[PDB]
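Just final15.cif here, mmCIF, C-alpha atoms and all ligand atoms:
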data_query
#
loop_
_atom_site.group_PDB
_atom_site.id
_atom_site.type_symbol
_atom_site.label_atom_id
_atom_site.label_comp_id
_atom_site.auth_asym_id
_atom_site.auth_seq_id
_atom_site.Cartn_x
_atom_site.Cartn_y
_atom_site.Cartn_z
ATOM 1 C CA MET A 1 10.256 4.538 -23.066
ATOM 2 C CA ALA A 2 11.522 1.707 -20.897
ATOM 3 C CA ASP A 3 11.997 0.626 -17.300
ATOM 4 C CA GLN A 4 14.979 0.289 -14.993
ATOM 5 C CA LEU A 5 15.855 -0.875 -11.500
ATOM 6 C CA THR A 6 16.466 1.582 -8.686
ATOM 7 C CA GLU A 7 14.359 4.724 -8.604
ATOM 8 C CA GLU A 8 12.890 3.843 -11.979
ATOM 9 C CA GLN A 9 11.813 0.564 -10.425
ATOM 10 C CA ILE A 10 9.735 2.406 -7.853
ATOM 11 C CA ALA A 11 7.970 4.082 -10.751
ATOM 12 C CA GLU A 12 6.489 0.639 -11.275
ATOM 13 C CA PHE A 13 5.608 0.101 -7.633
ATOM 14 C CA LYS A 14 3.434 3.171 -8.053
ATOM 15 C CA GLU A 15 0.807 1.015 -9.720
ATOM 16 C CA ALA A 16 1.153 -1.499 -6.913
ATOM 17 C CA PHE A 17 0.159 1.137 -4.384
ATOM 18 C CA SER A 18 -2.818 1.823 -6.618
ATOM 19 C CA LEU A 19 -4.125 -1.719 -6.345
ATOM 20 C CA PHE A 20 -4.624 -1.122 -2.641
ATOM 21 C CA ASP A 21 -5.411 2.548 -3.127
ATOM 22 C CA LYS A 22 -8.895 2.389 -4.596
ATOM 23 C CA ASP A 23 -9.147 6.136 -4.130
ATOM 24 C CA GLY A 24 -6.339 7.097 -6.480
ATOM 25 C CA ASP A 25 -5.841 9.983 -4.082
ATOM 26 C CA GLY A 26 -2.392 8.749 -3.127
ATOM 27 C CA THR A 27 -3.230 7.171 0.210
ATOM 28 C CA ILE A 28 -4.242 3.741 1.452
ATOM 29 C CA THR A 29 -6.703 3.789 4.326
ATOM 30 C CA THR A 30 -8.226 0.819 6.111
ATOM 31 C CA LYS A 31 -11.137 -0.030 3.846
ATOM 32 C CA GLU A 32 -8.928 0.379 0.800
ATOM 33 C CA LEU A 33 -6.668 -2.085 2.572
ATOM 34 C CA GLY A 34 -9.499 -4.420 3.500
ATOM 35 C CA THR A 35 -10.531 -4.293 -0.140
ATOM 36 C CA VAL A 36 -7.674 -5.661 -2.212
ATOM 37 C CA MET A 37 -7.665 -8.365 0.436
ATOM 38 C CA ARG A 38 -10.707 -9.720 -1.363
ATOM 39 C CA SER A 39 -8.319 -10.718 -4.125
ATOM 40 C CA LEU A 40 -6.311 -12.836 -1.715
ATOM 41 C CA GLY A 41 -9.600 -14.059 -0.295
ATOM 42 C CA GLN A 42 -9.177 -12.162 2.954
ATOM 43 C CA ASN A 43 -11.249 -9.556 4.754
ATOM 44 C CA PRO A 44 -9.973 -8.499 8.184
ATOM 45 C CA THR A 45 -11.763 -6.073 10.473
ATOM 46 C CA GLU A 46 -11.034 -2.370 10.761
ATOM 47 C CA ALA A 47 -9.129 -3.263 13.908
ATOM 48 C CA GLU A 48 -6.563 -5.553 12.327
ATOM 49 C CA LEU A 49 -5.992 -3.276 9.357
ATOM 50 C CA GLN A 50 -5.488 -0.317 11.662
ATOM 51 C CA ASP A 51 -2.676 -2.304 13.234
ATOM 52 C CA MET A 52 -1.343 -3.206 9.808
ATOM 53 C CA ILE A 53 -1.506 0.413 8.715
ATOM 54 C CA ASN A 54 0.192 1.344 11.966
ATOM 55 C CA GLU A 55 2.881 -1.175 11.099
ATOM 56 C CA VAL A 56 4.255 0.924 8.265
ATOM 57 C CA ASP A 57 2.814 4.352 8.971
ATOM 58 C CA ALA A 58 5.363 5.707 11.419
ATOM 59 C CA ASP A 59 3.773 9.121 11.042
ATOM 60 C CA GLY A 60 0.536 7.923 12.597
ATOM 61 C CA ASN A 61 -1.527 9.888 10.105
ATOM 62 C CA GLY A 62 -3.996 7.019 10.147
ATOM 63 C CA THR A 63 -3.593 6.337 6.446
ATOM 64 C CA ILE A 64 -0.883 4.864 4.253
ATOM 65 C CA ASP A 65 1.102 6.635 1.561
ATOM 66 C CA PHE A 66 3.183 5.392 -1.346
ATOM 67 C CA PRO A 67 6.520 5.617 0.478
ATOM 68 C CA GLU A 68 4.913 4.262 3.625
ATOM 69 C CA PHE A 69 3.575 1.297 1.688
ATOM 70 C CA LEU A 70 6.719 0.703 -0.332
ATOM 71 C CA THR A 71 8.228 -0.581 2.893
ATOM 72 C CA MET A 72 5.468 -3.164 3.099
ATOM 73 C CA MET A 73 6.633 -4.582 -0.212
ATOM 74 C CA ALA A 74 10.297 -4.626 0.737
ATOM 75 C CA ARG A 75 9.303 -6.856 3.630
ATOM 76 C CA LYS A 76 8.109 -9.997 1.889
HETATM 77 CE CE CE B 1 -7.200 6.285 -0.675
HETATM 78 CE CE CE B 2 1.030 7.734 6.661
#
Turn this file's structure into structure tokens for me.
Ligand SMILES: [Ce+3]
Ligand SMILES: [Ce+3]
Amino acid sequence: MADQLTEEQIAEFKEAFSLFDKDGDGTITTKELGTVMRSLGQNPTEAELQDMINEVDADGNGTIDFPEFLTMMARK
């Protein structure tokens, strides 16, 4: 019906995570990360990304989730 800050807000962020998540599986790997970058005009190696993914992923699953990525947004 409408939107709203707080939790509701996140609902929106969902889409954000999608941008990066080109798998729609619910996770953001490296490639998927080195993809959207094309929009910004970037394209780091699988090494850098890994570090970037290991900058939010405190679980060390190797990939990035929605809640693990949400933090990335909070940053900047
Ligand atoms: Ce994915
Ligand atoms: Ce993770």
Distance CA of residue 11 (chain A)-CA of residue 46 (chain A), one decimal place?
29.4 Å
Point out the residue among A:29, A:19, A:24, A:49 with the least atom-to-atom distance to residue 62 (chain A), counting all atoms listed in the file.
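The shortest atom-to-atom distance to residue 62 (chain A) comes from A:29.
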I'd like the residues picked by the PyMOL selection byres (((chain A and resi 53) around 8) and not hetatm) written out as a PyMOL selection string, using the chain letters and numbers from the file.
chain A and resi 29-30+49-52+54-57+62-64
Please evaluate the PyMOL selection byres (((chain A and resi 32-37) around 9) and not hetatm) against the structure above and give the resulting residues as a list in words.
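Given this file, the PyMOL selection byres (((chain A and resi 32-37) around 9) and not hetatm) evaluates to residues 19, 20, 21, 22, 23, 27, 28, 29, 30, 31, 38, 39, 40, 41, 42, 43, 44, 45, 46, 49 and 53 of chain A.
Going from CA of residue 2 (chain A) to atom CE of ligand CE 1 (chain B) covers 27.9 Å.
Note that the spacing between CA of residue 25 (chain A) and CA of residue 65 (chain A) amounts to 9.6 Å.
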Minimum-distance residue to ligand CE 1 (chain B), chosen among A:9, A:71, A:18, A:4 (using only C-alpha atoms and all ligand atoms)
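Using only C-alpha atoms and all ligand atoms, ligand CE 1 (chain B) sits closest to A:18.
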How would region 12-36 of chain A look with N, CA and C atoms restored, written as a PDB file, in the frame of the given file?
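So the final result, stored in result-v7.pdb, reads:
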ATOM      1  N   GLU A  12       7.379   1.764 -11.048  1.00  0.00           N
ATOM      2  CA  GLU A  12       6.489   0.639 -11.275  1.00  0.00           C
ATOM      3  C   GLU A  12       5.630   0.382 -10.035  1.00  0.00           C
ATOM      4  N   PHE A  13       6.296   0.336  -8.891  1.00  0.00           N
ATOM      5  CA  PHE A  13       5.608   0.101  -7.633  1.00  0.00           C
ATOM      6  C   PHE A  13       4.398   1.026  -7.488  1.00  0.00           C
ATOM      7  N   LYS A  14       4.508   2.192  -8.106  1.00  0.00           N
ATOM      8  CA  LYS A  14       3.434   3.171  -8.053  1.00  0.00           C
ATOM      9  C   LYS A  14       2.095   2.464  -8.274  1.00  0.00           C
ATOM     10  N   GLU A  15       2.018   1.742  -9.382  1.00  0.00           N
ATOM     11  CA  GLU A  15       0.807   1.015  -9.720  1.00  0.00           C
ATOM     12  C   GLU A  15       0.399   0.097  -8.567  1.00  0.00           C
ATOM     13  N   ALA A  16       1.393  -0.587  -8.018  1.00  0.00           N
ATOM     14  CA  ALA A  16       1.153  -1.499  -6.913  1.00  0.00           C
ATOM     15  C   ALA A  16       0.325  -0.787  -5.840  1.00  0.00           C
ATOM     16  N   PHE A  17       0.838   0.353  -5.403  1.00  0.00           N
ATOM     17  CA  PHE A  17       0.159   1.137  -4.384  1.00  0.00           C
ATOM     18  C   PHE A  17      -1.289   1.424  -4.787  1.00  0.00           C
ATOM     19  N   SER A  18      -1.492   1.549  -6.090  1.00  0.00           N
ATOM     20  CA  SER A  18      -2.818   1.823  -6.618  1.00  0.00           C
ATOM     21  C   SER A  18      -3.766   0.672  -6.274  1.00  0.00           C
ATOM     22  N   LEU A  19      -3.329  -0.532  -6.611  1.00  0.00           N
ATOM     23  CA  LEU A  19      -4.125  -1.719  -6.345  1.00  0.00           C
ATOM     24  C   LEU A  19      -4.853  -1.551  -5.010  1.00  0.00           C
ATOM     25  N   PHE A  20      -4.069  -1.304  -3.972  1.00  0.00           N
ATOM     26  CA  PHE A  20      -4.624  -1.122  -2.641  1.00  0.00           C
ATOM     27  C   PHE A  20      -5.384   0.203  -2.541  1.00  0.00           C
ATOM     28  N   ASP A  21      -4.802   1.229  -3.141  1.00  0.00           N
ATOM     29  CA  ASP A  21      -5.411   2.548  -3.127  1.00  0.00           C
ATOM     30  C   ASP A  21      -6.523   2.603  -4.177  1.00  0.00           C
ATOM     31  N   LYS A  22      -7.742   2.369  -3.712  1.00  0.00           N
ATOM     32  CA  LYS A  22      -8.895   2.389  -4.596  1.00  0.00           C
ATOM     33  C   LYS A  22      -9.507   3.791  -4.599  1.00  0.00           C
ATOM     34  N   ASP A  23      -8.699   4.754  -4.180  1.00  0.00           N
ATOM     35  CA  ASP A  23      -9.147   6.136  -4.130  1.00  0.00           C
ATOM     36  C   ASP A  23      -8.350   6.962  -5.141  1.00  0.00           C
ATOM     37  N   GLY A  24      -7.201   6.423  -5.523  1.00  0.00           N
ATOM     38  CA  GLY A  24      -6.339   7.097  -6.480  1.00  0.00           C
ATOM     39  C   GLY A  24      -5.953   8.491  -5.983  1.00  0.00           C
ATOM     40  N   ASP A  25      -6.162   8.704  -4.691  1.00  0.00           N
ATOM     41  CA  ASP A  25      -5.841   9.983  -4.082  1.00  0.00           C
ATOM     42  C   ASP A  25      -4.346  10.027  -3.757  1.00  0.00           C
ATOM     43  N   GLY A  26      -3.803   8.857  -3.457  1.00  0.00           N
ATOM     44  CA  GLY A  26      -2.392   8.749  -3.127  1.00  0.00           C
ATOM     45  C   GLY A  26      -2.200   8.253  -1.693  1.00  0.00           C
ATOM     46  N   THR A  27      -3.268   7.688  -1.147  1.00  0.00           N
ATOM     47  CA  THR A  27      -3.230   7.171   0.210  1.00  0.00           C
ATOM     48  C   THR A  27      -4.007   5.856   0.300  1.00  0.00           C
ATOM     49  N   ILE A  28      -3.597   5.027   1.250  1.00  0.00           N
ATOM     50  CA  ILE A  28      -4.242   3.741   1.452  1.00  0.00           C
ATOM     51  C   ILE A  28      -4.763   3.658   2.887  1.00  0.00           C
ATOM     52  N   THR A  29      -6.069   3.841   3.020  1.00  0.00           N
ATOM     53  CA  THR A  29      -6.703   3.789   4.326  1.00  0.00           C
ATOM     54  C   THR A  29      -6.916   2.337   4.758  1.00  0.00           C
ATOM     55  N   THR A  30      -7.909   2.147   5.614  1.00  0.00           N
ATOM     56  CA  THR A  30      -8.226   0.819   6.111  1.00  0.00           C
ATOM     57  C   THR A  30      -9.061   0.051   5.084  1.00  0.00           C
ATOM     58  N   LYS A  31     -10.238   0.591   4.803  1.00  0.00           N
ATOM     59  CA  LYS A  31     -11.137  -0.030   3.846  1.00  0.00           C
ATOM     60  C   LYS A  31     -10.353  -0.409   2.588  1.00  0.00           C
ATOM     61  N   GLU A  32      -9.714   0.593   2.003  1.00  0.00           N
ATOM     62  CA  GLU A  32      -8.928   0.379   0.800  1.00  0.00           C
ATOM     63  C   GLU A  32      -7.972  -0.799   0.993  1.00  0.00           C
ATOM     64  N   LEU A  33      -7.577  -1.001   2.240  1.00  0.00           N
ATOM     65  CA  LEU A  33      -6.668  -2.085   2.572  1.00  0.00           C
ATOM     66  C   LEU A  33      -7.461  -3.387   2.707  1.00  0.00           C
ATOM     67  N   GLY A  34      -8.638  -3.266   3.303  1.00  0.00           N
ATOM     68  CA  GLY A  34      -9.499  -4.420   3.500  1.00  0.00           C
ATOM     69  C   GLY A  34     -10.266  -4.756   2.219  1.00  0.00           C
ATOM     70  N   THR A  35      -9.889  -4.077   1.146  1.00  0.00           N
ATOM     71  CA  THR A  35     -10.531  -4.293  -0.140  1.00  0.00           C
ATOM     72  C   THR A  35      -9.721  -5.282  -0.981  1.00  0.00           C
ATOM     73  N   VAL A  36      -8.550  -4.830  -1.403  1.00  0.00           N
ATOM     74  CA  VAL A  36      -7.674  -5.661  -2.212  1.00  0.00           C
ATOM     75  C   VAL A  36      -7.599  -7.061  -1.599  1.00  0.00           C
TER      76      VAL A  36
END
